[PDB]
Each structure stands twice: as structure tokens, then as C-alpha cells.
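Trainee: below you'll find the sequence and an experimental structure to go with it.
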Amino acid sequence: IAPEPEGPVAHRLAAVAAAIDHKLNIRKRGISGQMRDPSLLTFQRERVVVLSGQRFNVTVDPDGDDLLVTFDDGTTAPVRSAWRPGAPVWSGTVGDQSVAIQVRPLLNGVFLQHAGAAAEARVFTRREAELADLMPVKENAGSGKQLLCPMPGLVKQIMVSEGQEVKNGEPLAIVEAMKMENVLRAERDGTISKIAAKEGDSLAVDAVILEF
Amino acid sequence: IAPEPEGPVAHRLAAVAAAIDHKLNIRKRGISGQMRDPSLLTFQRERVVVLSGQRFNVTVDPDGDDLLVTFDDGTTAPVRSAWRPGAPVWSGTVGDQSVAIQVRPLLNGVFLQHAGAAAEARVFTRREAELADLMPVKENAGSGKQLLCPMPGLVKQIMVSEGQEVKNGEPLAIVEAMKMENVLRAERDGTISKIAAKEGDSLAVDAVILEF
Amino acid sequence: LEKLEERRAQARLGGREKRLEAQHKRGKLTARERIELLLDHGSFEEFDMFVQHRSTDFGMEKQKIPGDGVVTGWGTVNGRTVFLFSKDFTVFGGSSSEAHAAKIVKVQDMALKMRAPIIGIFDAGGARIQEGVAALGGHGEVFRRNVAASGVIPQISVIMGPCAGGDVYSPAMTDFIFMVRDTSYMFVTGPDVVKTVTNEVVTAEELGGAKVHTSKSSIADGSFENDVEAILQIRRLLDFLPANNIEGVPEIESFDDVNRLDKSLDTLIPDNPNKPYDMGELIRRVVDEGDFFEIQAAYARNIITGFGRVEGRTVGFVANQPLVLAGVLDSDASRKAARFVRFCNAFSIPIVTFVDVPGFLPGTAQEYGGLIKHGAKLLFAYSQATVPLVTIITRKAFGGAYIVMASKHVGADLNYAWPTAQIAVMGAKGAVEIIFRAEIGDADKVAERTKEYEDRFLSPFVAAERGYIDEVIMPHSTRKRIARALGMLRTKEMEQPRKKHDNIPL
Amino acid sequence: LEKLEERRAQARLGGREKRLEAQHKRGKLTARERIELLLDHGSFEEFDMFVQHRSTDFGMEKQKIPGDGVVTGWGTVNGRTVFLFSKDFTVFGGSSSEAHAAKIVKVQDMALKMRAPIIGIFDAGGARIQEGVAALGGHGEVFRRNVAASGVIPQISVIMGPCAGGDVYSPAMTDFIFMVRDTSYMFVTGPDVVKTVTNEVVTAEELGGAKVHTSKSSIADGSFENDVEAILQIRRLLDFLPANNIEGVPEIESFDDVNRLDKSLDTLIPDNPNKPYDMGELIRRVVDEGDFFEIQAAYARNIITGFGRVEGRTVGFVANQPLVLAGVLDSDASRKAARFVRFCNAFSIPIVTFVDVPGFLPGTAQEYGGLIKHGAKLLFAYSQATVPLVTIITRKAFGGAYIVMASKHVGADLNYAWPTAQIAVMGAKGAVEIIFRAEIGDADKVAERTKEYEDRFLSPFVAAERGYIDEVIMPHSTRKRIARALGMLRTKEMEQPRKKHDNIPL
Amino acid sequence: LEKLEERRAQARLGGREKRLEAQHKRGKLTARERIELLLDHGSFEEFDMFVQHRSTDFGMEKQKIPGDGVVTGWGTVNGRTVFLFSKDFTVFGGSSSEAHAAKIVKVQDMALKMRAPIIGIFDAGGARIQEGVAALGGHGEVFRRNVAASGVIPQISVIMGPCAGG
Ligand SMILES: CC(C)(COP(=O)(O)OP(=O)(O)OC[C@H]1O[C@@H](n2cnc3c(N)ncnc32)[C@H](O)[C@@H]1OP(=O)(O)O)[C@@H](O)C(=O)NCCC(=O)NCCS
Ligand SMILES: CC(C)(COP(=O)(O)OP(=O)(O)OC[C@H]1O[C@@H](n2cnc3c(N)ncnc32)[C@H](O)[C@@H]1OP(=O)(O)O)[C@@H](O)C(=O)NCCC(=O)NCCS
Ligand SMILES: CC(C)(COP(=O)(O)OP(=O)(O)OC[C@H]1O[C@@H](n2cnc3c(N)ncnc32)[C@H](O)[C@@H]1OP(=O)(O)O)[C@@H](O)C(=O)NCCC(=O)NCCS
Ligand SMILES: *C(=O)CCCC[C@@H]1SC[C@@H]2NC(=O)N[C@@H]21
Ligand SMILES: *C(=O)CCCC[C@@H]1SC[C@@H]2NC(=O)N[C@@H]21
């Protein structure tokens, strides 16, 4: 498991998330068809950055091309970059230090990786952060330690053996239906207890291939 | 089985069918929206009356209000009636003789009952009759000796007994579903060989109730 | 010129004498015979008799048959202009080629320009394999014209033979599909490919026969014993339908009387609320002369759709059938009635609705099948309609089913109710169990409250006091009230807001 | 006046503090919190804050809560006017009464009159049982206005709680339904009646939960983790959509370049024909900044629908997904794509279609389920569209599936093909088996025929020679060609024939 | 693929190098050169580059030239959308065949649908004699489009060679 950010790494990640959110909001406010001129509105300077269950109360101040991010404890960190949405890597300076941060798409946020640490970054207003705090933490269910075959077809290849350790996202078998292969992947972590289906067999819907 | 018409009964039935067809065609030709005036058209006097597998070549000539039907052998049977479509009984004179014929409409024809004889009557033109002769005589496949339950529900009553002979169109059992009764009827002919369910039994679809 | 007549006679032979004889031995008419039977005598004018294909692949240049497997033209049915095309099964199996599709496109364009009905007679194989993608392009042009003509002119498809592959999509977009039993079938994919892929063995009849498409798949609007009966019923249906979306319903001289009373209807509703009755009997005692052209009679038999006449004018009828599934609304009945209502509204056909519905069909099978959107389809069709709407509640109208079945709240013009009507949110027992949930343990109190609720609300008078029902009428005056209401409502003028089209759920 | 502020504060409490605390303990926001989150800060104006019901049955006169269980009003989302109503679950379980439905009707009328989007937030129970048929009448009025607004203004329904009975039919007729996982559900009939009728024991989640309606029943267009995520995604979606059917798609400043080439697309198509690829990767590499709002992502995954931006303007995307069922067209994918295409056309959103489809799904399950009409739905939607249509064939386009997937024959404006495209009636093996059926009993001759057919016809060049494909393009220029084509096609002007509406199969 | 680029380069040659050289020796530009000079740099998008005729009369099946004697497409002139077609005199003398007229009809329909000007560049011979009444039918379709577009979009014809017959 990738460690959560802490200290200066967390501060830099929060500043970068705030800068990306500010850029996206500035672009968003320029949409056409608004009821009145968007210039007649105001941007809420106070922001909350949540880095995987870690809050940062920050203020974003546009100062020229670069962005100025001020944290609660007096510390300020100017942010300067030419990054544009869709670019997989955020490159620029936070404070007075060059940094390269991986940016991945996320629902209402961004997934950030930097200096060996990874975190999901979401930027809210204070009221939005308060409302988001009311949402519960939901736990996933999982799979019943069996690789059910999602479609009928003929088994082409099995790249696992009984008593072998597999992680999540690892391919397990290939099933070909109507002249098209389908790579089945493990949805959990564990060891394969036994293999039921064999290469050349024709399976059906909800058929046991292997047990975890 | 009701006997088919024979001799003068068949002639009267054919004349009545021809008169009904003539009346219906005369009314039909008055529909609105026609490309040109309906009067600027001709009616084919020669007709073929198919009377339950029996053909009569007839000519229809409107002698004023009444209709004159002439058969192949030269005999003429004037038809006079005030019958209107939707009336279950055709009453009038066919060849100076009052008659009463039950009229039950069917697809492209009428079902006629008179003097103890019943027949399906269809009136074609000569070309239409020739084309209809090309159609095959299809035989019904019938039904099996098992009475399956068409809907799930609770059996409320059975009106047949063990070893009881039943005919077509006769009630067999009552099944109630969603606070509504459903009367099941025999689709064939055959003595009941066994009754699988009784009152109070909950049955699913395609469940055996009684066996023929 | 004798040579011109000889060429015409040669073109009339289609494939060959042997193939025509084989066609007749299956009990099927030839394409030209079916056209002759459909049209008024001597009215058929044929287009493109001598058209032949231009393919030079796989030795097709050595097989040039005039007409290219389809007979197109126009005629009259009962004196009214109709366009038609009949695919010739003896010519390359009726398969659709470039010139074949061009002839069909010509007749479709003529039908649309002249605002006249177009009849498609299908006995074919699909796209001609030897011609490659040109056949697909022609099929696409035919599909585009089918979509362009939708809701403008009535389009009738008659399936009188095989209909496989891309051929089936043209009838699917037409208004009505009729099939001949034991000789016609429709499927996107044939039995051989089904066996190859899914490993199941099915015949053509088991996969796409008339029974399957009339009772299970919702595809066909009806089936007939043979070709002659089917074609005569097509002529009857054409007599029922308007020529286009402008001229209105056709009118004939009615032999029936609009002021007659039907005393037998006063005893139609059984005293026992759990006992059903035949709604088809009510429909056939309301229409002129007991003449009713039912649509999709074998499918979703808990509802009834079809065409009748009131005072000589075409009227559409929708009615719950208590004999089947207690008359509840499910997905199949909702889709059937919704399509019928949409067709009637598109062509200015007034709709009469008879309502006896306890609610919707419960269960996981309905919800997983999308009952929400399927019922919304019928609700959408009723709320969208601008044709006259006359609704009669016979016995029951509960809750959302009451709302959907052309209630005044969704735009019905006149809403009548019989004295036995029960317009309520739900049954008395469930309503009491919900309202008085705190005291469900006292049996006598529960029974007393159920009786009080039944007396107060299981009646048409709460709706009548709110104005939701225009009048409670005697059952014997139903036909008279309907005829007078339709006569008054003929001048109805209303329009939906301006849009490209609606977004009705699919 | 301090009394006015006190009355406002009392009205803001809904049911009571205990009910709101229970709502929060369920993990759900209150109706007013949801409205505040959806709208721009300080933009909400509330209508009918003090509206009270007028029912006097069953002791309802002693329970008069201002607002009657729904909060209505209007505001701005990213500066653009939106109308909204949010049902208050704390007030009579959010049930719909006469005054409740009157408030909803007022907000619907305002939204339609002002030509602005309307958002429905559903956390309720349906018609209020104590009010009888008045609640049903109000529901019917809401349904009528939903149908009137269809295709004129975008209608978005957000299910954030129970939605049962007649309540479900209003969202069903809207353009998009979104659900919150583990806390929202939808069904026509509740679990108790299901148990009493069908003897089936089912929970609310198993009957109508988010997973069921996002992956099985085709009802919901998407699901989200919680209320906050769902509302933020609603705000995101509103930025894609036009405000009405006149103003056109909204425009923003794009950070992407329309002239950039994507060399990685030249290796996207695998050499092995049996090897699949992710079409979502192509879509996300074509749209601006890799930003794609997918619609019905969990349902009928053999096809992909969703909204992207090209040069800062909203573009709809439809694409076969080879990863699921080899990218074949079945009934579910056909209906999903058809509804999406209908919505895009109704609101003047151009559609880009990526085609890789070997045909339709065979089997008796598809044929009995009405695959003919369901595929005809997508064909009808494509042939009906008057918005710009740009089609790109990547690997395969066989037969009728090729016709349906926005081919030039059904009205596509520009049809491009990659060098790996294969536009043919069917595969080489089947075509040889049909054309050379007389010599099917060989092994070397059959192989030679198959190879010759593969060389001649399994390519984009037969279609290109007929003009069915405008140009065979390099895969790395796909985005540039799409952007230039859409820029040119913005001025497209086309009209369907005059009609009240079409008769698309349902 | 290099094969696609090779096919494009072969289609760009029209009749042959000798025909193009003879065209240049008369002081005339080629059809593609005329299109390039008319449109803004890099704005030309070509339709139906690989379209070829389907005639099998008088040995035409042995002469299948991509484009069938006309180059069609769209571009911009000073940033404004225009549609155009240039008849290629090197391909059968620029004569109009069924596929040739179909390409012209496609570009005319696009121009009318998009409400943009259409430019016709004529260097041709008329109806292709080997393609019978099909050539005449294609000419008639082009005429119908010309009449339909009259007074809706500006139509400009440039005669840069022979223009005879229909
Ligand atoms: C439509 C269909 C169900 C007809 O049923 P059938 O009578 O049992 O099949 P037939 O072979 O006898 O068809 C009759 C003729 O029309 C031809 N034909 C049928 N469909 C055709 C098509 N789409 N293209 C070209 N020719 C076709 C057949 O080759 C056959 O020729 P033949 O008499 O000289 O042998 C079936 O032919 C069909 O599905 N055709 C579509 C193409 C196909 O897939 N054929 C193989 C499946 S059998
Ligand atoms: C919508 C529904 C699934 C909500 O789930 P639920 O929370 O488990 O059910 P609840 O009883 O707790 O509903 C909350 C309150 O709103 C009320 N309510 C819910 N739906 C109502 C309706 N249509 N009319 C009037 N009141 C209603 C309930 O009576 C309940 O009142 P209470 O808290 O004082 O006891 C369910 O209440 C429902 O289906 N309501 C429709 C009417 C019905 O059929 N109720 C019986 C089925 S449980
Ligand atoms: C249009 C025209 C004035 C061109 O002038 P030209 O250069 O002196 O005539 P050309 O013979 O050299 O035409 C060039 C080629 O295009 C061909 N061509 C020209 N018009 C054609 C047509 N309508 N159909 C088919 N081919 C045609 C010519 O056959 C010639 O072929 P070639 O080079 O292999 O010998 C003349 O060719 C013409 O009128 N064509 C119409 C058909 C006709 O009547 N031809 C005989 C009159 S010369
Ligand atoms: C008692 O047996 C159950 C009565 C309530 C259920 C019935 S089933 C058909 C109707 N539809 C519905 O939702 N409820 C009614
Ligand atoms: C070989 O395995 C079968 C190839 C032909 C069937 C396949 S299945 C998916 C495609 N759809 C269709 O109708 N045929 C294709």
C-alpha cells in the first residue's frame, strides 16, 4: 500500500490540488449562456483540501500567472506551472522547489502521486466540506472466492495454478466467445485453491473456473 | 356434428350469403376519399359462393330494393329482407318462402345456420375463388392429454370428476390469482384419466391439473 | 407490337415455371397473384417491370431476370390510392439487390409524395450476398425512407414467407406487421448461425414463426391462416385507416343507430368483485354492427387494442381485459397499448378507453424487465395525444394504473364512469392497514374501518365530487354517450409545444 | 419583522429535528442541503415556502407542516438558470399530496415557460394515502407536464431515497435518472405486495436498488457513492447540456489542441482479429482533455454512450465496445444507444459514432425478446437525426449492424474508416459457404475461395469505391478530422417531414 | 500503413504522368493544382478519392481510374467554408460518368445542406459515351441539384478547358 502524504509532501500535494481546482474553476466560470456577466460574481477564497482523510484549510490568491496558496499556519506556497488538463504529469514549482506530480482523473477530484506518496485530492468550500463530512464511509463487499464465468464460451488459456498467489488486477484465464477473446482478471487478493475448468472446455453463465 | 346444407337448403343459404355480400359491397363502395367518383365503376355480377366445401356459381342482379340471385342451372331465387349488419338473425323471403337464418360473422365470410344445417359461407369473384383454391387445407395439431395451468394461483373449484368424459368448450377448473377467478375449459375431447390437484392447492405455471 | 407483349409475358414469369410451381406447392401465392388479390380489379399499374441488376461478381452477369426480384407499382383498394411492393421469392430467393432496393425506394418516394398508404409484401431472403455492400446500401436507403414516412402515411408490412437478416428491419419500422401461419417467419439471425454460436437447435418456425411473433416477441400485429385470408384482412384494415395524417379517418354509411340502448350492459359487471367479465363483449356491443378489427390479439391479452367504427367513422379502442391477469398493466400490455395510442394520435384517430384495472403486475420479473419505463411509455402516449379521448371506468381504477389509463389528469377530454366504478388509491384493506397501522392487532376494529373506507371511497363519487369524472352514466347508455361525445369532440384543436420530437423512453 | 424570520426558520425544519437527525444518520442529506449543494452560492430563490395541505380526512387537519413535503424554487448552476424541486422525506415520508403536486406543477410550468432545465430530487413515498384520489390527480398533472416538457428542456431526476408507487413514473419520463447507492431504490410495487402476491421474499435493495436499475433494468443512467458525489456530478452534467432545444450546446475555453496527432492510435487495433481492444480508450483520447461523462456505463456494456467536448463544445459519443460480447448489437445496447441518440438529436447535440461491430447477438433469447424492434429503434433514431453525424469505422462493420451504426445510407454526414476497417455483408467463410454452396465439400478449393474473398472484400476499399466511405484516414488523425468535420457541419440545416410525431417502435 | 499512402499517391496521378505533362504544356493547371490554389493552405478535405466507375461496356472494365475524373471536397477561402469540384481532363477527357456525377451530386447536397458556396471547375468533355444513358441520368441529377440550390447558395462556375454537350 502506497503511504499517505505527510509533512511537506502533503503540503505540496494540497497546494497543487488547490491550484488545479482553481484553474478548473476559472475555466468553468467562462461558460456561455449565463444569466448575467460572470465577471459580476466573486470567488470564495477559503478552500478545504482533503488528501485521503486529511484536511487542509487553505486560501487561494491569484497573483499574476502563478497562484498563491496560504495555509492555516501562516505559511504560503506560490504555485507556478504550465500544466493543462489531460496532461498526465503536473510539472512546476511549489514555493521555491521544482516538483513533478502525476495527475490522474477522479470523480470530483484528482488522484496525485509524488515523492513516493499517493492520495486522492478533493477541493471543497467550507460548507461543501461540512456537507461531505456527513457522508458515511462505505465498505465494499467482495467476491465469493470463486471465479464465475461471466459469459459462455470456450476456455483458451489458464495462466494460474492451484496453490499460487494472485493479486488484484492479475489476469486469470482467457475465454473466447463468438471469435473474440475475453481476459478474466482477479477481483481480490489470495491464492487459487483449485482449478475446475480446463483449456478446451465450453462453459456457461455462472460456471466455476477456479476457487480462491 | 351439424350436417352441411343439401339441395334446396344449400341453395337458400348460398342466395342469402350472396345477398349479404352484395349489401356489404354496396355499402363498402361508398367510402369517402376515393380517387374518382365511385359511380364511374362496374360491379362484377358473377360470384362464387363457397358453402362449407361446396361451390355455387351465381349471378347477382339488383331488381330494385330486392336482389335476384341466379344459379348455374338457370333457377332464380329473389332475395328480399330488411336485415342489417350486426343483427344475429337474417329474416326474409328467398324464392317466395320466408326463412330465418342465424348470421355469425367470421373472417371474410359469415357462419349461417338454417333448417338444422350449418355452414361457413364465403363469397368470391371467379378469380378470387381460383386463387383461394390454391390454399392448402391445414389440420389442427390439437392439444395433449394434460391440462397445464396457464397462470400461477390457487385452485378454487373443479367441476369434473374422475373418469368423466368431457367435450370441447366445457369448464374444467377454476383458478384464482390476484383476487380474480379464471375458468379453465377443455380444448379437446377425452375422458379424464387422473386429477393431480384439488381445492386449496397452490400451482405454478405449466403445472398438471388433470390428465385426459 | 407482339414483341413487347412477349417481353412482358417473359418478365411475368419471375424465376421460372418450376419455381412458381414449387411456390404454389407450399400453399403460397406468387407475388403478382398477391398484388392482384390486394388491389381493385384492373387498377394495378406496374413500375420498373424490365429493371435488371448490374452485378458482374460470381457469375451474376449470366443471370439477369427482369424485375430483379420485386414487383412494384400502385393501385386502388376500394377506390383509394395505395402503393405497394411484393418481393418475388422465385428470383434469387427474393433477396434485395441494388436495383431491387432502387425500385422499392422509388415506390416509397412516390407513396410519400402522394400522401398515400404503402404496403410491403415480404417473401425474401435479405441482402443479396453476391452484390456485397451495394445491397446493404440499398437496404439503408429503404430504412431511411421508412423512417421518413413514419407518422405521415400508414405503412403496412405483410410477411408471407421467409424474412431474415437485414430484411426484417424495414417491416419493424412500419406501423403494422401481419404474418401468414406455417409459411412465414422473421429473425435477425438464422437457425444455422444460432446453432453455430449458442449450440441450440431450432427450426425456422420455432425461432421466428407466426406464433412466436404474435404471442411472445411483440413483433407481429396478427396472423392469418393463409395468403388469401391475410390479403382480404389487409384490404379491410385499409378500409379502416386514413390515407395520410391530413385527410382524417374515412367515413362510410353506418347501418347502426347511435341512439340505441343496450340493456344487457346493465348486468355485464358481476356482483362478486372477484369474478371477471369479457371486455371484448362490451367493445363489440359498443362499435357499429359489432365489427371490430383487433390489433395484437394474441399478445399481452390483459389489454385490448383495435379499430372499430362509431357512426361510420374509425375509432380506436383500448381496454383492460379482466379475463387475463385480472386486467393488470404489465410491460407487454403497456408497450402494446402505447404503440397503438401513438399510431392513433399520429393519424388523427380518436381513442375510446374502457378502464377496469386493479393496478400493475408485481414481482421481480416485472421490475427487472423495466416495468417503470414500459408503463411510462403508455402514460407518455396518453399524455402526448391531441386526438379526442373518451374514457369510461367500468369497475376498478386504482392508483397509478387509474392515472395512466387515459385519466382526466393526463389530458382526457371526457371521463365517464359506470355506477360500479371504484376510483381509489388502493383497495380498502391495504389503505386501512397503512392509515391505521398502529392498531392492526384489533380484528373487529380493523373490519369496521375497512367497511367504513369501502363505503366512503370505493365508489365513483369522490372523483365525481372533485370533477375528475364528468358524469356517472348508466351502462346501457354507453354507446349513445360515446357517439355524442365523439361528434362533439371532432372539432378539437390543441397542440404540443414546438420540438424536433419528444424523448419518450424506449 | 422578527416574526417573519421566525416563521421561515420554523418552515426550514421540515418534519422535526428528530426526523432530520434520522435522515443524517442514514447517511443522507436533507432536501434543503441538497438544494444548497446543487446551486451556486446564494442563488436559490424558494417558491411556496408556507404552502400547507388542505386535507381534513383521518386527522390530517392536525398535521400542517409548511411546504407540504417538497422544496421548490430556482437558481443558477455555473451562472445558468435552473429550476428544481426536492422532496422532503421528513414530511409525511415525502409523499405527494395535492398542494405538494401543485408546487411541483408550478415549478414545472416556470421551467417550461423560461426554457430552462428542471432538476427533480426524489426522496419520497408516492401518493399520500390519506388524501385519496386528489394525490393521484396531482401526480397526473405532474406527468402531463413531464410529457409536455419532453424534448424541449433537459429533465434530470436524482433518486436519493425511496421512490415507490406512482412516484416512479415522473422520473421515468425524464431524460436522465441517477441513483445513490445503498440508500435509493425504485419500484412500481413494494416488497410487501410482492410477497403477498408472488410469494417471493425480496428486500427493497434487491427489488429496486441502484445496482438493479443501473445494470439490469435499463432504468437508471448512473449511480454514485453518496449524495455529495451525485450532486457534484449533476452539476458537472449540467455544464454539458443545452439549456433548451434552441440555444445549442454550451461552449467553454478548451485547453486542448484540435490539430494534435495521436501516434498511439496507430497500434490500437490488434493484428489478431480475435483480439479485443478498449474503445473507451479511443473515446477518451479523442475528447478534449480526456474528459468523458459516460451515460449508462453499467448497463449494456457492449456499447458506450456519453458526453464529451471537442474544441470546447459538447459532443455525444456512441461506440461499440469489443471488450463486451465482441461488441455485438443486442436489444439492451440498441435501446440504450437509441435513447441517447434521440436525446442528442432533440437538443441539437452532434453525434460521433465509432463502429466495430461483427453483427447482432444470435439466439432464441434475443428473438423472443423482440430484437427486431429493439434494433429497429436504434436504426430509427439514427435515420431520424438531423444533427451532424460523424462515423468512424475502426475494425469491423458487417451487414445490417454496419447499416444501423450511423452509415451514410441512413443519413450520416461524414463516414471515415481506418485502414483496418472491414465493411462487408458477412465474414469471408460464411460468404464463401453461401456463394459456393455447390462446392462446399472441399478443403483446398474452399480455402482458396475464402482467401480470395478476404482479399477482395474484407477491406474498406469496396465501400470507398462505391462512395459509401468519404475517406480512409490514418488512426492518428482521428481527432483532427473529427474536429474539422464538426466545425464545418455546425451549419447543417435539415428537416424531417411534417408530422405530429413519428411512430418509432416501442 | 505505407500501402494507404501509396494508394493515395496513385490516385493523385489521375490519367498518367504523360497526360499531366500534356496538360501543363497547354499552360493549364491540373485539377488538384487548381483546388490547391483556390483553397486556403492545408484546408482541403477530399471526398471519394477512391471512387471508380462500374461500366463493363466497350472494354471500360479494363480502365478503372480512382476518382473517375473529378476531384470533390471542401475547404475554406479566407476562413469561410466552400465546397468545390474540379473535373480532371486527364481521366477520360473529364467526361461525366455515373460515379463522376454521383460524386458531384454528393458535394452539391453537402453544399446545400451546409448553406455554403459551391465552386465548379470545368475541364471536361461532357457525358461519357461508353456509359450510355446512365451518364445522362447523372447529368440530370446534377442539373436538378443546380436548380434546387439556385438563389440559396452562390454557385460559381470556372471554365478552364473544353465544355461541350450536356
Ligand atoms: C431466407 C432463408 C431462411 C430461406 O429459407 P430456405 O428456403 O430454406 O433457403 P434456400 O437456400 O432454399 O433459399 C432459396 C434460394 O434463394 C437464395 N438466397 C436466399 N437468401 C439469399 C441471399 N440473402 N442472397 C442471395 N441469395 C439468397 C438461396 O441461395 C437459394 O438459392 P437456390 O434455390 O438456388 O439453392 C435462408 O435462405 C436465408 O437465411 N438466406 C439469407 C442468407 C443466408 O444466410 N443463407 C444460409 C442460411 S440457410
Ligand atoms: C416508500 C417506502 C418504501 C419507504 O420505506 P420505509 O421507510 O421503510 O417505510 P416508512 O413507514 O417508515 O415511511 C416513513 C413514513 O412516511 C409515511 N409514508 C410513506 N409513504 C406514504 C404514503 N404514500 N402516503 C402517506 N404516508 C406515507 C409512512 O407512513 C411513514 O410514517 P411514520 O414514520 O410515522 O411511521 C414505503 O414507505 C412505501 O412503500 N410507501 C408507499 C405506501 C405503502 O405502500 N406503505 C406500506 C409499504 S411499507
Ligand atoms: C470536349 C472536346 C471539345 C475536347 O476537345 P479535344 O481535345 O480536341 O478532343 P479529344 O479527342 O482529344 O478528347 C480527349 C480524350 O477525352 C475523350 N473524350 C472526350 N470527350 C468524351 C466523352 N464525352 N466521352 C468519352 N470520352 C471522351 C476523347 O475520346 C479523348 O480520348 P483520347 O485521348 O484517348 O484520344 C471534344 O473531345 C468533344 O466534343 N467530346 C464530346 C464527345 C464528342 O463529340 N467527340 C467527338 C468530337 S471531337
Ligand atoms: C391480495 O391478494 C393482494 C391485493 C393487492 C395486490 C393486487 S395484485 C394486482 C394489483 N396490482 C397491485 O399493485 N396490487 C393489486
Ligand atoms: C463462428 O464462430 C461464427 C461466426 C458467425 C457468427 C458471429 S456471432 C456475432 C456476429 N453476429 C452474427 O449474426 N454473426 C456473427
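Mentor: Done, it's in. Numbering: from 1, shown residues only, chains lettered A, B, ... in the order given. Ligands and ions are numbered 1, 2, ... in the order given.

Trainee: where does the stretch 301-450 of chain C get nearest to chain D, residue-wise?
Mentor: residue C:409 (2.4 Å; Cβ to the nearest Cβ). Every residue, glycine included, has its C-beta placed from N, CA and C.

Trainee: which residues touch that residue?
Mentor: Going by Cβ atoms under 8 Å, 6 or more residues apart in numbering or on different chains, residue C:409 touches C:403, C:468, D:136, D:137, D:138, D:139, D:140, D:141, D:143, D:144.

Trainee: out of everything not next to it in sequence, what's closest to it?
Mentor: Spatial nearest neighbour of residue C:409, excluding adjacent residues (Cβ to Cβ, 6 or more residues apart in numbering or on different chains): residue D:140 at 2.4 Å.

Trainee: figure out the helix or strand that the one you found lives in.
Mentor: Using DSSP states H and E, residue D:140 falls within helix D:133-149.

Trainee: ramachandran angles for residue C:371?
Mentor: phi -60, psi -30 (degrees, to the nearest 10).

Trainee: doesn't residue C:359 make contact with it?
Mentor: No: taking contacts as Cβ atoms under 8 Å, residue C:371 lies outside contact range of residue C:359: 11.6 Å.

Trainee: tell me the gap between the helix holding residue D:140 and the middle of its chain.
Mentor: 23 Å (Cα atoms, centre = their mean, to the nearest Å).

Trainee: same thing with stretch C:232-241?
Mentor: For stretch C:232-241, the distance to the chain centre is 13 Å (Cα atoms, centre = their mean).

Trainee: quick check, that stretch touching chain B?
Mentor: Yes: Stretch C:232-241 lies within reach of chain B by Cβ under 8 Å from any Cβ of the partner chain, at C:232, C:233, C:239.

Trainee: ok, the residue lying closest to residue C:286 once chain neighbours are set aside to residue C:416 distance?
Mentor: Among residues not flanking residue C:286 along the chain, residue C:479 sits closest, at 4.8 Å (Cβ to Cβ, 6+ apart). Distance of residue C:479 to residue C:416, given as Cβ to Cβ, to the nearest Å: 12 Å.

Trainee: would you map the strands across the stretch 201-350 of chain C?
Mentor: For the stretch 201-350 of chain C, applying DSSP state E, counting those that start in this stretch gives strands covering C:222-224, C:292-295, C:303-310, C:313-320.

Trainee: partner strands of the second one, with direction?
Mentor: Strand C:292-295 sits in its sheet next to strand C:303-310 (antiparallel), going by DSSP bridges.

Trainee: what does chain A put close to chain C?
Mentor: Residues of chain A lying near chain C (Cβ under 8 Å from any Cβ): A:152, A:178, A:202.

Trainee: out of these, which end up buried?
Mentor: Among those, those buried by neighbour count (16 or more other Cβ atoms under 10 Å in any protein chain shown) are A:152, A:178.

Trainee: out of the residues of chain A next to chain C, which are inside strands?
Mentor: Among the residues of chain A next to chain C, the members falling in strands (DSSP state E) are residue A:202.

Trainee: want to throw the residues of chain A next to chain C into TSV with distance to ligand 5?
Mentor: Shown next, in TSV, are those (distance: Cβ to the nearest ligand atom, whole Å):
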residue	distance to ligand 5
A:152	12
A:178	4
A:202	12
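
Trainee: now, which of the residues of chain A next to chain C sits nearest ligand 3?
Mentor: Using Cβ to the nearest ligand atom, residue A:178 is the member of the residues of chain A next to chain C that lies nearest ligand 3, at 49.2 Å.

Trainee: isn't that closest one up against residue C:197?
Mentor: Yes: between residue A:178 and residue C:197 there is a contact at 5.9 Å, judged by Cβ under 8 Å.

Trainee: find the closest residue to ligand 1 in chain A.
Mentor: Closest point on chain A to ligand 1, by Cβ to the nearest ligand atom, is residue A:178, at 16.3 Å.

Trainee: the lengthiest helix in chain A: which residues count as buried?
Mentor: Secondary structure of chain A read by DSSP state H shows that its longest helix is helix A:8-28. Within helix A:8-28, the residues scored as buried using 16+ other Cβ under 10 Å are A:9-23, A:27-28.

Trainee: got it, and stretch C:257-266?
Mentor: Neighbour-count burial for stretch C:257-266, with 16+ other Cβ under 10 Å as criterion, is recorded at C:258, C:262, C:265.

Trainee: contacts for it, please.
Mentor: With Cβ under 8 Å, 6+ apart as the test, stretch C:257-266 has contacts from C:282, C:285-286, C:310-311, C:474-480, C:483-484.
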